[PDB]
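Q: I am attaching a structure below and will ask some questions about it afterwards.
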Amino acid sequence: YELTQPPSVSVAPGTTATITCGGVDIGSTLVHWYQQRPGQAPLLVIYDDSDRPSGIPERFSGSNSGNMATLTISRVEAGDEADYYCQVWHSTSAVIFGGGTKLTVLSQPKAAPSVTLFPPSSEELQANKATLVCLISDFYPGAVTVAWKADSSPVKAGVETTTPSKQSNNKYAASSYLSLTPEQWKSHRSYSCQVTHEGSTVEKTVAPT
Amino acid sequence: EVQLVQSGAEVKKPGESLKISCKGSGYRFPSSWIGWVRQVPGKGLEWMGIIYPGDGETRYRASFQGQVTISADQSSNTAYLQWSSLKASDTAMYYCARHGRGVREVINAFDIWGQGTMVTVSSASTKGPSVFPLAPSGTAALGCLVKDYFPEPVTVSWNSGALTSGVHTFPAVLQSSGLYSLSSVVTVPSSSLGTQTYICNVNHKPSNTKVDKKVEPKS
Amino acid sequence: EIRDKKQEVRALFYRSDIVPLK
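These protein sequences, in sequence, are chains L, H and P.
In case it helps, the entry's author numbering puts the first sequence at residues 2 to 9, 11 to 95, 95A, 96 to 106, 106A, 107 to 209.
In case it helps, the entry's author numbering puts the second sequence at residues 1 to 52, 52A, 53 to 82, 82A to 82C, 83 to 100, 100A to 100F, 101 to 127, 134 to 215.
Counted from 1, the third sequence has number 183 at position 20 by the entry's author numbering; the numbering is strictly sequential.
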């Protein structure tokens, strides 16, 4: 059994934020919603579909029916920016959390990422290692997806990516690493880092030559 | 108040056993389930198992059966999560959470959470970083890559703190080798590349290492 | 209706606090 949540949701402050939780016949069970801020433990904000624990403001509400449950935050405020998780008790030994949803409360206009792709330095090659470094900066909201291409084929082996982190200017930055042997590095025509953000993709390419 | 207090952060090697704890206070320990939840940094929540301290009934996610054991101490009001043989893929934050026992008088959800215990599994011991330049080629980005160090943290500055605008140091990644790597980057006017000198200062106190690396444009 | 669903769901993890079980 799987609970489906949108990976990211962004809303203007003061409007109504809606986060959905996708499950088969999820309306026949009870859905609970937890809030997690970066570096902190989760916090129960809704239980039994529509019930608020003490200390949770009334703008938080919930519903559940058919194949979808919904968390609703009216008059959403900057303080509500956070990750949100839906959760159910499906069967005796099955407790399931949704994938989570990063709720951003827009404090500034959307900004596309600036991407810089560094090839392996000569010194690293002298150490018998090759690392392509893709640095991504100055994007907002802080949600991107990174893909690597060798020539034109996607590669998943040897890829390490960090979670976006706030810059000084409240925009976000991330980094991705592709690990190759010097032989691999030299035996391909080109390598590409592709960063997708808010439906638009920025691509950078480097070649051994 | 009702609270769960978890044990401190752990750094262990593959194949070793581990036991982390969760101390409940302010409520009747026997009458609430205690669940364990795993969160790899940057990822989502994963349920591992749950125990009812009143009699020791345990339920596990199928994939975690045989890797972990959950137990409880009714005198110290303490729940335990235990690995017999750790793997590198066990690196994560681990939370305990209280769950009602299925009556209307209580919240039938994870209403109280522990603060989390970070567990890092690596075969490595203390090791200083290798610093490589990320050379630039009307602004240009240049940086340095701090590679294969253990344990955290390393601090990075530029020109001994004199260059601070356009500077960002990224969080570290834990490689399959058990070692950490990170990058630091700075954006500078492309006209100053010829004259100005840019040096990143890496400091790794656990290994008592300082490295100054001048990053230059390549031909 | 919500009561029926609540009973159905809570039956999965219901534990009595009275020992021994009657």
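No residue lacks a Cβ here, since even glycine has one placed at the ideal position from N, Cα and C.
1) Counting contacts by CB-CB distance shorter than 9 angstroms, is P/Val172 in contact with chain A?
2) Tell me the rounded alpha-carbon separation between H/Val40 and H/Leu18.
3) Give the DSSP bridge partners of L/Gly64, in chain order.
4) Leaving out five residues on either side along the sequence, give the residues of the same chain with a beta carbon under 6 angstroms from the beta carbon of L/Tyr87.
5) Under 8 angstroms by Cβ, that's how I've got H/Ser21 and H/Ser7 pegged, so tell me the actual separation to the nearest angstrom.
6) Can you tell which of L/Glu198, L/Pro119, L/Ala143, L/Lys171 has its C-alpha closest to the C-alpha of L/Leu180?
7) Looking at the C-beta of L/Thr205, does it have a partner C-beta in chain H at a distance below 9 angstroms?
8) By the three-class DSSP mapping on this structure, what secondary structure does L/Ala207 have?
9) Counting contacts by CB-CB distance shorter than 9 angstroms, is P/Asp167 in contact with chain H?
10) Flag this pair as touching only if the segment 167 to 174 of chain P and the segment 26 to 43 of chain L have three or more C-beta atom pairs under 8 angstroms; answer yes or no.
11) Would you be able to state if there are at least three C-beta pairs under 8 angstroms between the segment 198 to 215 of chain H and the segment 139 to 159 of chain L?
12) I'd like to know whether the C-beta atoms of L/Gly142 and L/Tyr172 end up nearer to each other than 9 angstroms.
13) For a cutoff of 9 angstroms on Cβ pairs, would you count L/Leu135 as touching chain H?
14) Using a Cβ cut-off of 9 angstroms (strictly closer), state whether L/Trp148 contacts chain P.
15) For H/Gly26, decide whether its Cβ has a neighbour in chain P, counting only Cβ atoms nearer than 9 angstroms.
16) Going by CA-CA distance only, name the one from L/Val202, L/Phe62, L/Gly24, L/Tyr140 that's closest to L/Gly68.
17) Relative to the alpha-carbon of H/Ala61, which residue among L/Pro15, L/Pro44, L/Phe139, L/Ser93 has its alpha-carbon at the smallest distance?
18) For L/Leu117 versus H/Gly139, is the C-beta spacing smaller than 9 angstroms?
19) Go ahead and pull the three-state DSSP assignment for L/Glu160.
20) Is the number of C-beta pairs between the segment 139 to 149 of chain H and the segment 155 to 168 of chain L that are closer than 8 angstroms three or more?
21) What do you get for L/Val133, buried or exposed, if any count of 16 or more other CB atoms within 10 angstroms of its CB means buried?
22) Whole beta strand (DSSP E) runs in the segment 120 to 181 of chain L with 3 or more residues, listed along the chain?
23) Hey, how far is the Cα of H/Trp154 from the Cα of L/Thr105?
24) Rounded to whole angstroms, what's the CA-CA distance from H/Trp36 to P/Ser179? Just pull it up for me.
25) Using C-beta distances below 7 angstroms, list every residue in its chain close to H/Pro213, excluding the 5 sequence neighbours before and after it, in chain order.
26) Near L/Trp185, which residues of its chain fall below 7 angstroms by C-beta distance, leaving aside the five closest residues on each side in sequence?
27) Report yes if the CB atom of H/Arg58 is closer than 9 angstroms to the CB atom of L/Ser95, and no otherwise.
28) Less than 7 angstroms between C-beta atoms, sequence neighbours within five positions excluded: which residues of the same chain meet that for L/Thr162?
29) Does the beta-carbon of P/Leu184 have 16 or more other beta-carbons within 10 angstroms, so that it is buried, or is it exposed?
A: Let me lay it out:
1) Structure shown: chain A not included; protein chains present are L, H and P.
2) 17 angstroms
3) L/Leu73
4) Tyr36, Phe98, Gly99, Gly101
5) 5 angstroms
6) L/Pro119
7) no
8) coil
9) no
10) yes
11) no
12) yes
13) yes
14) no
15) no
16) L/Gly24
17) L/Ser93
18) no
19) strand
20) no
21) buried
22) 130 to 139, 145 to 150, 153 to 155, 159 to 161, 172 to 180
23) 32 angstroms
24) 21 angstroms
25) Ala125, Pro126, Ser127, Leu189
26) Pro120, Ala130, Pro208
27) yes
28) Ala174, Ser175
29) exposed
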